[PDB]
$ cat target16.tsv   # TSV, C-alpha atoms
chain	number	residue	atom	x	y	z
A	1	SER	CA	-24.23	-17.50	51.22
A	2	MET	CA	-21.06	-18.98	49.71
A	3	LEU	CA	-21.03	-22.22	51.69
A	4	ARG	CA	-24.55	-22.74	50.35
A	5	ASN	CA	-23.16	-22.60	46.79
A	6	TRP	CA	-20.89	-25.62	47.43
A	7	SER	CA	-17.72	-23.60	47.87
A	8	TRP	CA	-16.68	-26.25	50.41
A	9	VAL	CA	-16.27	-29.06	47.88
A	10	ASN	CA	-13.15	-31.00	46.97
A	11	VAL	CA	-11.96	-29.14	43.88
A	12	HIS	CA	-10.84	-32.46	42.40
A	13	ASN	CA	-14.44	-33.58	41.85
A	14	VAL	CA	-15.19	-30.66	39.51
A	15	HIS	CA	-14.83	-31.88	35.93
A	16	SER	CA	-14.77	-29.85	32.75
A	17	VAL	CA	-17.63	-30.72	30.43
A	18	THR	CA	-15.15	-32.12	27.92
A	19	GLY	CA	-12.97	-33.95	30.43
A	20	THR	CA	-9.93	-32.20	28.94
A	21	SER	CA	-7.82	-29.11	29.49
A	22	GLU	CA	-6.40	-26.91	26.78
A	23	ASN	CA	-3.57	-24.50	26.02
A	24	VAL	CA	-4.42	-22.43	22.95
A	25	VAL	CA	-1.87	-20.22	21.21
A	26	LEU	CA	-3.41	-19.33	17.84
A	27	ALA	CA	-2.24	-16.87	15.22
A	28	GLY	CA	-5.03	-14.32	15.21
A	29	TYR	CA	-6.61	-11.42	13.37
A	30	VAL	CA	-4.25	-8.49	12.84
A	31	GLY	CA	-6.17	-6.50	10.24
A	32	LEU	CA	-3.42	-5.79	7.71
A	33	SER	CA	-5.07	-7.95	5.03
A	34	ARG	CA	-8.42	-6.17	5.36
A	35	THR	CA	-6.99	-2.65	5.37
A	36	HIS	CA	-4.84	-3.48	2.36
A	37	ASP	CA	-7.89	-4.75	0.45
A	38	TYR	CA	-9.79	-1.57	1.28
A	39	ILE	CA	-7.18	0.76	-0.19
A	40	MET	CA	-7.06	-1.28	-3.40
A	41	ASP	CA	-10.90	-1.33	-3.47
A	42	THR	CA	-10.69	-5.07	-4.11
A	43	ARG	CA	-12.82	-6.42	-1.24
A	44	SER	CA	-13.83	-3.32	0.71
A	45	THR	CA	-16.53	-4.89	2.87
A	46	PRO	CA	-15.76	-8.41	4.16
A	47	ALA	CA	-18.94	-8.91	6.20
A	48	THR	CA	-21.31	-11.21	4.32
A	49	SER	CA	-25.10	-11.19	4.23
A	50	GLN	CA	-25.24	-14.17	6.59
B	1	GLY	CA	-12.67	-20.47	38.85
B	2	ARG	CA	-10.94	-23.03	41.05
B	3	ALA	CA	-10.88	-25.89	38.52
B	4	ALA	CA	-10.41	-24.05	35.20
B	5	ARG	CA	-6.84	-25.09	34.27
B	6	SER	CA	-7.30	-23.88	30.67
B	7	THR	CA	-5.62	-20.90	29.01
B	8	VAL	CA	-6.24	-19.10	25.71
B	9	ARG	CA	-3.82	-16.71	24.00
B	10	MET	CA	-3.79	-15.01	20.62
B	11	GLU	CA	-0.74	-14.22	18.47
B	12	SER	CA	-1.04	-11.05	16.39
B	13	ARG	CA	1.82	-12.19	14.18
B	14	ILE	CA	2.49	-11.19	10.60
B	15	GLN	CA	4.55	-12.21	7.58
B	16	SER	CA	6.05	-10.58	4.50
B	17	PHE	CA	4.13	-11.20	1.29
B	18	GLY	CA	4.83	-10.98	-2.42
B	19	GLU	CA	7.89	-10.11	-4.48
B	20	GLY	CA	8.43	-7.51	-7.15
B	21	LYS	CA	5.90	-5.11	-5.64
B	22	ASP	CA	6.17	-1.34	-5.44
B	23	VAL	CA	5.79	-0.03	-1.92
B	24	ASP	CA	6.00	3.63	-2.90
B	25	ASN	CA	2.96	3.28	-5.18
B	26	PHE	CA	0.77	1.73	-2.50
B	27	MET	CA	2.13	4.18	0.07
B	28	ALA	CA	0.94	6.91	-2.29
B	29	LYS	CA	-2.52	5.35	-2.48
B	30	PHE	CA	-2.71	4.92	1.29
B	31	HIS	CA	-1.69	8.42	2.32
B	32	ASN	CA	-3.62	10.15	-0.46
B	33	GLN	CA	-6.97	8.50	0.26
B	34	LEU	CA	-6.86	9.09	4.02
B	35	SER	CA	-6.09	12.78	3.60
B	36	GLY	CA	-9.28	14.24	4.98
B	37	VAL	CA	-8.65	12.17	8.10
B	38	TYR	CA	-4.90	11.87	8.82
B	39	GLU	CA	-2.39	14.34	7.45
B	40	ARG	CA	-0.42	12.99	4.52
B	41	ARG	CA	3.36	13.27	4.40
B	42	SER	CA	3.44	12.42	8.10
B	43	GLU	CA	5.80	10.08	9.92
B	44	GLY	CA	2.98	7.92	11.27
B	45	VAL	CA	1.12	7.70	7.97
B	46	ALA	CA	4.34	6.78	6.17
B	47	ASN	CA	5.14	4.06	8.71
B	48	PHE	CA	1.71	2.44	8.64
B	49	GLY	CA	1.55	2.75	4.86
C	1	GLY	CA	-55.06	24.29	3.80
C	2	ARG	CA	-57.69	22.66	5.99
C	3	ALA	CA	-58.31	19.58	3.81
C	4	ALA	CA	-54.85	18.89	2.35
C	5	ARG	CA	-53.91	15.63	4.15
C	6	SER	CA	-51.05	14.97	1.70
C	7	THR	CA	-47.32	15.07	2.43
C	8	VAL	CA	-44.25	15.01	0.18
C	9	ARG	CA	-40.69	14.28	1.31
C	10	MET	CA	-37.43	13.73	-0.55
C	11	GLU	CA	-34.60	11.38	0.44
C	12	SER	CA	-31.12	12.59	-0.52
C	13	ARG	CA	-29.75	9.09	-0.09
C	14	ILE	CA	-26.68	7.61	-1.75
C	15	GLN	CA	-24.99	4.27	-2.41
C	16	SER	CA	-21.50	2.95	-3.01
C	17	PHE	CA	-20.69	2.17	-6.64
C	18	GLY	CA	-18.13	0.11	-8.50
C	19	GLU	CA	-15.28	-2.15	-7.44
C	20	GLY	CA	-11.61	-2.09	-8.28
C	21	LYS	CA	-11.53	1.69	-8.66
C	22	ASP	CA	-8.76	4.04	-7.58
C	23	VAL	CA	-9.98	6.79	-5.30
C	24	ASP	CA	-6.62	8.54	-5.07
C	25	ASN	CA	-6.53	9.05	-8.84
C	26	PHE	CA	-9.96	10.66	-9.00
C	27	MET	CA	-9.21	12.63	-5.85
C	28	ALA	CA	-6.18	13.97	-7.72
C	29	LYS	CA	-8.35	14.96	-10.68
C	30	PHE	CA	-10.94	16.60	-8.44
C	31	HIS	CA	-8.62	18.72	-6.32
C	32	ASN	CA	-6.33	19.66	-9.21
C	33	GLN	CA	-9.07	20.96	-11.52
C	34	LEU	CA	-10.80	23.07	-8.86
C	35	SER	CA	-7.56	24.77	-7.84
C	36	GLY	CA	-8.32	28.29	-8.99
C	37	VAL	CA	-11.49	28.07	-6.89
C	38	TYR	CA	-10.92	25.98	-3.74
C	39	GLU	CA	-7.47	25.39	-2.32
C	40	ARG	CA	-6.11	21.94	-3.06
C	41	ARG	CA	-4.61	19.79	-0.32
C	42	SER	CA	-7.39	20.97	1.99
C	43	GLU	CA	-9.43	18.92	4.44
C	44	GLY	CA	-12.74	19.87	2.83
C	45	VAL	CA	-11.57	19.27	-0.73
C	46	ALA	CA	-10.15	15.89	0.26
C	47	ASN	CA	-13.40	14.88	1.98
C	48	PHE	CA	-15.67	15.87	-0.90
C	49	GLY	CA	-13.28	14.36	-3.43
D	1	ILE	CA	-23.45	5.25	-17.17
D	2	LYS	CA	-20.67	6.22	-14.76
D	3	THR	CA	-17.12	6.35	-16.11
D	4	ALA	CA	-14.70	6.05	-13.20
D	5	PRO	CA	-10.89	6.01	-13.02
D	6	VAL	CA	-9.70	2.51	-12.14
D	7	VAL	CA	-6.28	0.94	-11.59
D	8	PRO	CA	-4.77	-0.29	-14.89
D	9	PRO	CA	-4.68	-4.10	-14.97
D	10	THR	CA	-0.93	-4.27	-15.66
D	11	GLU	CA	0.10	-2.30	-12.55
D	12	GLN	CA	-1.33	-4.75	-10.01
D	13	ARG	CA	-0.98	-8.47	-9.39
D	14	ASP	CA	-3.24	-10.90	-7.56
D	15	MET	CA	-1.21	-12.94	-5.07
D	16	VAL	CA	-2.62	-16.01	-3.35
D	17	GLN	CA	-2.16	-15.97	0.42
D	18	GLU	CA	-2.51	-19.07	2.59
D	19	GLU	CA	-3.59	-18.21	6.13
D	20	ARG	CA	-3.02	-20.76	8.90
D	21	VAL	CA	-3.75	-20.52	12.62
D	22	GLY	CA	-1.11	-23.01	13.73
D	23	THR	CA	1.66	-25.29	12.59
D	24	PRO	CA	0.50	-28.92	12.24
D	25	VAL	CA	2.23	-31.56	14.34
D	26	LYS	CA	4.63	-34.14	12.91
D	27	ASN	CA	2.09	-37.00	12.90
D	28	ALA	CA	-0.80	-34.83	11.76
D	29	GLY	CA	-2.79	-37.59	10.10
D	30	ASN	CA	-2.36	-39.97	13.03
D	31	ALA	CA	-5.08	-40.10	15.67
D	32	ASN	CA	-2.84	-42.09	18.04
D	33	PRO	CA	0.89	-41.70	17.34
D	34	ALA	CA	1.51	-43.23	20.78
D	35	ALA	CA	0.29	-46.67	19.68
D	36	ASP	CA	3.66	-47.49	18.13
D	37	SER	CA	5.13	-47.34	21.65
D	38	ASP	CA	2.20	-48.82	23.58
D	39	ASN	CA	2.34	-51.85	21.27
D	40	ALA	CA	6.11	-52.45	21.55
D	41	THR	CA	5.79	-55.35	23.97
D	42	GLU	CA	9.21	-56.79	23.10
D	43	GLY	CA	11.16	-53.55	23.53
D	44	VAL	CA	12.92	-50.94	21.43
D	45	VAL	CA	16.65	-50.60	20.82
E	1	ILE	CA	-6.58	20.45	-35.59
E	2	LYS	CA	-6.37	20.56	-31.79
E	3	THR	CA	-4.34	17.86	-30.05
E	4	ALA	CA	-5.48	17.60	-26.45
E	5	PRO	CA	-4.38	15.38	-23.55
E	6	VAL	CA	-7.12	12.85	-22.80
E	7	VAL	CA	-7.49	10.04	-20.25
E	8	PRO	CA	-5.99	6.77	-21.55
E	9	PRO	CA	-8.73	4.23	-22.29
E	10	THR	CA	-7.24	1.55	-20.03
E	11	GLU	CA	-7.27	3.67	-16.85
E	12	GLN	CA	-11.04	4.18	-16.73
E	13	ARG	CA	-14.05	1.88	-16.81
E	14	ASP	CA	-17.66	2.55	-17.74
E	15	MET	CA	-19.98	1.22	-15.03
E	16	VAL	CA	-23.72	0.92	-15.55
E	17	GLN	CA	-25.76	2.48	-12.74
E	18	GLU	CA	-29.45	1.74	-12.19
E	19	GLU	CA	-31.24	4.63	-10.50
E	20	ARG	CA	-34.56	3.98	-8.78
E	21	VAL	CA	-36.80	6.35	-6.83
E	22	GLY	CA	-38.46	3.71	-4.67
E	23	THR	CA	-38.58	0.03	-3.85
E	24	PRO	CA	-41.44	-1.76	-5.64
E	25	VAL	CA	-44.08	-3.49	-3.53
E	26	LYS	CA	-44.37	-7.27	-3.22
E	27	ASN	CA	-47.31	-7.58	-5.65
E	28	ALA	CA	-45.97	-5.00	-8.07
E	29	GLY	CA	-47.68	-6.36	-11.16
E	30	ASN	CA	-51.04	-6.75	-9.40
E	31	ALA	CA	-53.56	-3.93	-9.69
E	32	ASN	CA	-55.70	-5.42	-6.89
E	33	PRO	CA	-53.79	-7.75	-4.55
E	34	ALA	CA	-56.75	-7.45	-2.16
E	35	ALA	CA	-59.05	-9.45	-4.44
E	36	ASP	CA	-57.66	-12.74	-3.15
E	37	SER	CA	-59.14	-11.85	0.25
E	38	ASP	CA	-62.32	-10.11	-0.92
E	39	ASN	CA	-63.16	-13.24	-2.93
E	40	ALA	CA	-62.55	-15.76	-0.12
E	41	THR	CA	-66.22	-16.27	0.66
E	42	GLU	CA	-65.68	-19.66	2.31
E	43	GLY	CA	-62.89	-18.55	4.66
E	44	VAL	CA	-59.15	-18.93	5.08
E	45	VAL	CA	-57.34	-21.25	7.48
$ encode --input "target16.tsv" --output "structure tokens"
Amino acid sequence: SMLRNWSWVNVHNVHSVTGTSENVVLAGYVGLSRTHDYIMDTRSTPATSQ
Amino acid sequence: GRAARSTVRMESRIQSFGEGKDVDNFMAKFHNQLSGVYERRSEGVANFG
Amino acid sequence: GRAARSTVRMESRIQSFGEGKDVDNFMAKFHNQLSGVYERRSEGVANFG
Amino acid sequence: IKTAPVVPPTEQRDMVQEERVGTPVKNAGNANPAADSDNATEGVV
Amino acid sequence: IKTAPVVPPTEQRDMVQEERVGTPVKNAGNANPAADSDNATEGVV
């Protein structure tokens, strides 16, 4: 059942839908800004209506 | 996943903000408000504060 | 009560009010005033405060 | 009317914070910074 | 004369609160919102 799903193919003919690869290293959410704003009651809830 | 070749990582990195603050005043606000939850005048609450 | 057909219910529902307050300052007022009644620096007094 | 204890305005300060997810490259506004090399048909010293 | 410690005026804020017992209906000012239907004697598409 795995040969029938084209597991036999040359892996060099499989292209990403963008044609590119990617190495992402992004500074992310830590949560110190949101917890700080909650204690000061400035912006307690950050989730918007949308 | 034989042709993926793409990696994604996330950095939970932080800075230091502001000058002329008072850390003892905020630390009082932090550990006083969360007093029905985490015990105030604790080592962990003081660190996170 | 065979023809009543009428019901009455009451919702004890609450909101969140105000912005820019200080909850630790009121919580100090609450648990300091009711100190001859309920022990301050208690889990219940901190929650209700 | 609900009178509530707030934080006095003189004991706090709004501070603007600029949040970035990554450091921009040297030729950030350049779509093709490699066209200075690919078009050096005489050479580079 | 009785001098008493009060709360300084700058460390509290009066906030107006609007208390309602229920959410008003869509046609709140209409006594009979069902008269647009009861008077459609030709039909509605």
$ calpha_fit_and_write --input "target16.tsv" --fixed "chain E" --moving "chain D" --output "mmCIF file with C-alpha atoms, in the coordinates of the input"
data_model
loop_
_atom_site.group_PDB
_atom_site.id
_atom_site.type_symbol
_atom_site.label_atom_id
_atom_site.label_comp_id
_atom_site.auth_asym_id
_atom_site.auth_seq_id
_atom_site.Cartn_x
_atom_site.Cartn_y
_atom_site.Cartn_z
ATOM 1 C CA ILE D 1 -6.581 20.452 -35.591
ATOM 2 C CA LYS D 2 -6.376 20.555 -31.793
ATOM 3 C CA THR D 3 -4.337 17.860 -30.055
ATOM 4 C CA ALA D 4 -5.484 17.605 -26.445
ATOM 5 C CA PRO D 5 -4.386 15.376 -23.551
ATOM 6 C CA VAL D 6 -7.114 12.840 -22.799
ATOM 7 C CA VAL D 7 -7.494 10.042 -20.251
ATOM 8 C CA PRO D 8 -5.981 6.769 -21.547
ATOM 9 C CA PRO D 9 -8.732 4.236 -22.288
ATOM 10 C CA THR D 10 -7.238 1.544 -20.031
ATOM 11 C CA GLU D 11 -7.269 3.674 -16.857
ATOM 12 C CA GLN D 12 -11.041 4.178 -16.728
ATOM 13 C CA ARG D 13 -14.052 1.882 -16.803
ATOM 14 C CA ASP D 14 -17.661 2.558 -17.740
ATOM 15 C CA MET D 15 -19.979 1.222 -15.034
ATOM 16 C CA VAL D 16 -23.723 0.925 -15.548
ATOM 17 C CA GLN D 17 -25.757 2.477 -12.741
ATOM 18 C CA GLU D 18 -29.445 1.739 -12.193
ATOM 19 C CA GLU D 19 -31.234 4.632 -10.499
ATOM 20 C CA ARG D 20 -34.568 3.981 -8.778
ATOM 21 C CA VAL D 21 -36.810 6.352 -6.833
ATOM 22 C CA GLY D 22 -38.454 3.701 -4.672
ATOM 23 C CA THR D 23 -38.580 0.031 -3.843
ATOM 24 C CA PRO D 24 -41.443 -1.764 -5.638
ATOM 25 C CA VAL D 25 -44.075 -3.491 -3.524
ATOM 26 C CA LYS D 26 -44.372 -7.269 -3.215
ATOM 27 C CA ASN D 27 -47.311 -7.580 -5.644
ATOM 28 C CA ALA D 28 -45.968 -4.998 -8.071
ATOM 29 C CA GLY D 29 -47.685 -6.364 -11.156
ATOM 30 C CA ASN D 30 -51.032 -6.746 -9.399
ATOM 31 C CA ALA D 31 -53.559 -3.933 -9.688
ATOM 32 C CA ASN D 32 -55.702 -5.420 -6.896
ATOM 33 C CA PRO D 33 -53.793 -7.746 -4.551
ATOM 34 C CA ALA D 34 -56.747 -7.454 -2.153
ATOM 35 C CA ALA D 35 -59.049 -9.450 -4.444
ATOM 36 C CA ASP D 36 -57.656 -12.742 -3.156
ATOM 37 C CA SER D 37 -59.135 -11.846 0.247
ATOM 38 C CA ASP D 38 -62.315 -10.110 -0.926
ATOM 39 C CA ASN D 39 -63.162 -13.240 -2.932
ATOM 40 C CA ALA D 40 -62.551 -15.756 -0.113
ATOM 41 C CA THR D 41 -66.227 -16.264 0.660
ATOM 42 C CA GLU D 42 -65.677 -19.657 2.306
ATOM 43 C CA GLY D 43 -62.894 -18.548 4.653
ATOM 44 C CA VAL D 44 -59.155 -18.938 5.084
ATOM 45 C CA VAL D 45 -57.336 -21.253 7.479
#
$ closest_residue --input "target16.tsv" --among "B:49, B:13, B:1, B:7" --to "residue 26 in chain B" --atoms "only C-alpha atoms"
B:49
$ residues_around --input "target16.tsv" --residues "residue 15 in chain B" --least-positions-apart "6" --cutoff "12 Å" --atoms "all atoms listed in the file" --output "PyMOL selection string"
(chain A and resi 27+30+32-33) or (chain D and resi 17-20)
$ interface_residues --input "target16.tsv" --of "chain B" --to "chain D" --cutoff "10 Å" --atoms "all atoms listed in the file" --output "list in words"
residues 10, 11, 17, 18, 19, 20, 21, 22 and 25 of chain B
$ atom_distance --input "target16.tsv" --atom1 "CA of residue 37 in chain B" --atom2 "CA of residue 35 in chain C"
20.3 Å
$ interface_residues --input "target16.tsv" --of "chain C" --to "chain B" --cutoff "6 Å" --atoms "all atoms listed in the file" --output "JSON, numbers by chain"
{"C": [24, 43, 46, 47]}
$ atom_distance --input "target16.tsv" --atom1 "CA of residue 10 in chain E" --atom2 "CA of residue 5 in chain D"
9.1 Å
$ atom_distance --input "target16.tsv" --atom1 "CA of residue 45 in chain A" --atom2 "CA of residue 29 in chain A"
15.9 Å
$ interface_residues --input "target16.tsv" --of "chain D" --to "chain E" --cutoff "9 Å" --atoms "all atoms listed in the file" --output "mmCIF file with C-alpha atoms, in the frame of the given file"
data_model
loop_
_atom_site.group_PDB
_atom_site.id
_atom_site.type_symbol
_atom_site.label_atom_id
_atom_site.label_comp_id
_atom_site.auth_asym_id
_atom_site.auth_seq_id
_atom_site.Cartn_x
_atom_site.Cartn_y
_atom_site.Cartn_z
ATOM 1 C CA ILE D 1 -23.450 5.250 -17.170
ATOM 2 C CA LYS D 2 -20.670 6.220 -14.760
ATOM 3 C CA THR D 3 -17.120 6.350 -16.110
ATOM 4 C CA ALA D 4 -14.700 6.050 -13.200
ATOM 5 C CA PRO D 5 -10.890 6.010 -13.020
ATOM 6 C CA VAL D 6 -9.700 2.510 -12.140
ATOM 7 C CA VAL D 7 -6.280 0.940 -11.590
ATOM 8 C CA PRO D 8 -4.770 -0.290 -14.890
ATOM 9 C CA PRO D 9 -4.680 -4.100 -14.970
#
$ closest_residue --input "target16.tsv" --among "C:3, C:8, C:14, C:23" --to "chain A" --atoms "all atoms listed in the file"
C:23
$ interface_residues --input "target16.tsv" --of "chain A" --to "chain B" --cutoff "9 Å" --atoms "all atoms listed in the file" --output "PyMOL selection string"
chain A and resi 11-12+14-16+20-30+32+36+39-40
$ axis_aligned_box --input "target16.tsv" --around "range 27-39 of chain E" --padding-each-side "3 Å" --output "lines of an AutoDock Vina configuration file"
center_x = -54.6
center_y = -8.6
center_z = -5.5
size_x = 23.2
size_y = 15.3
size_z = 17.4
$ decode --input "target16.tsv" --residues "chain E" --atoms "C-alpha atoms" --output "PDB file, in the first residue's frame"
ATOM      1  CA  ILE E   1     -13.014  70.460  64.453  1.00  0.00           C
ATOM      2  CA  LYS E   2     -11.988  66.909  63.544  1.00  0.00           C
ATOM      3  CA  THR E   3      -8.975  66.457  61.269  1.00  0.00           C
ATOM      4  CA  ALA E   4      -9.165  63.034  59.651  1.00  0.00           C
ATOM      5  CA  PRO E   5      -6.898  61.229  57.174  1.00  0.00           C
ATOM      6  CA  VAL E   6      -8.629  61.025  53.800  1.00  0.00           C
ATOM      7  CA  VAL E   7      -7.670  59.545  50.426  1.00  0.00           C
ATOM      8  CA  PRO E   8      -5.693  62.053  48.313  1.00  0.00           C
ATOM      9  CA  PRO E   9      -7.774  63.241  45.349  1.00  0.00           C
ATOM     10  CA  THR E  10      -5.155  62.233  42.764  1.00  0.00           C
ATOM     11  CA  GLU E  11      -5.022  58.550  43.780  1.00  0.00           C
ATOM     12  CA  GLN E  12      -8.667  57.775  42.995  1.00  0.00           C
ATOM     13  CA  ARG E  13     -10.907  58.223  39.973  1.00  0.00           C
ATOM     14  CA  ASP E  14     -14.678  58.402  39.683  1.00  0.00           C
ATOM     15  CA  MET E  15     -15.889  56.023  36.970  1.00  0.00           C
ATOM     16  CA  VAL E  16     -19.443  56.116  35.645  1.00  0.00           C
ATOM     17  CA  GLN E  17     -21.127  52.706  35.615  1.00  0.00           C
ATOM     18  CA  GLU E  18     -24.270  51.960  33.602  1.00  0.00           C
ATOM     19  CA  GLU E  19     -26.328  49.175  35.169  1.00  0.00           C
ATOM     20  CA  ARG E  20     -28.885  47.355  33.027  1.00  0.00           C
ATOM     21  CA  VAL E  21     -31.170  44.452  33.904  1.00  0.00           C
ATOM     22  CA  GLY E  22     -31.539  43.114  30.373  1.00  0.00           C
ATOM     23  CA  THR E  23     -30.503  43.566  26.779  1.00  0.00           C
ATOM     24  CA  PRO E  24     -33.124  45.465  24.745  1.00  0.00           C
ATOM     25  CA  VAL E  25     -34.666  43.740  21.738  1.00  0.00           C
ATOM     26  CA  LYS E  26     -33.882  44.681  18.143  1.00  0.00           C
ATOM     27  CA  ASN E  27     -37.103  46.670  17.602  1.00  0.00           C
ATOM     28  CA  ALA E  28     -37.070  48.236  21.048  1.00  0.00           C
ATOM     29  CA  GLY E  29     -39.019  51.347  20.139  1.00  0.00           C
ATOM     30  CA  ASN E  30     -41.668  49.406  18.222  1.00  0.00           C
ATOM     31  CA  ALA E  31     -44.834  48.396  20.038  1.00  0.00           C
ATOM     32  CA  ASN E  32     -45.824  46.007  17.221  1.00  0.00           C
ATOM     33  CA  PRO E  33     -42.896  44.858  15.064  1.00  0.00           C
ATOM     34  CA  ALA E  34     -45.206  42.140  13.708  1.00  0.00           C
ATOM     35  CA  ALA E  35     -47.358  44.648  11.805  1.00  0.00           C
ATOM     36  CA  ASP E  36     -44.896  44.735   8.913  1.00  0.00           C
ATOM     37  CA  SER E  37     -45.748  41.067   8.290  1.00  0.00           C
ATOM     38  CA  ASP E  38     -49.452  41.158   9.171  1.00  0.00           C
ATOM     39  CA  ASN E  39     -49.878  43.981   6.636  1.00  0.00           C
ATOM     40  CA  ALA E  40     -48.013  42.281   3.762  1.00  0.00           C
ATOM     41  CA  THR E  41     -51.146  41.250   1.906  1.00  0.00           C
ATOM     42  CA  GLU E  42     -49.372  40.925  -1.453  1.00  0.00           C
ATOM     43  CA  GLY E  43     -46.520  38.725  -0.218  1.00  0.00           C
ATOM     44  CA  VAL E  44     -42.814  38.946   0.513  1.00  0.00           C
ATOM     45  CA  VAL E  45     -39.957  37.726  -1.677  1.00  0.00           C
TER      46      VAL E  45
END
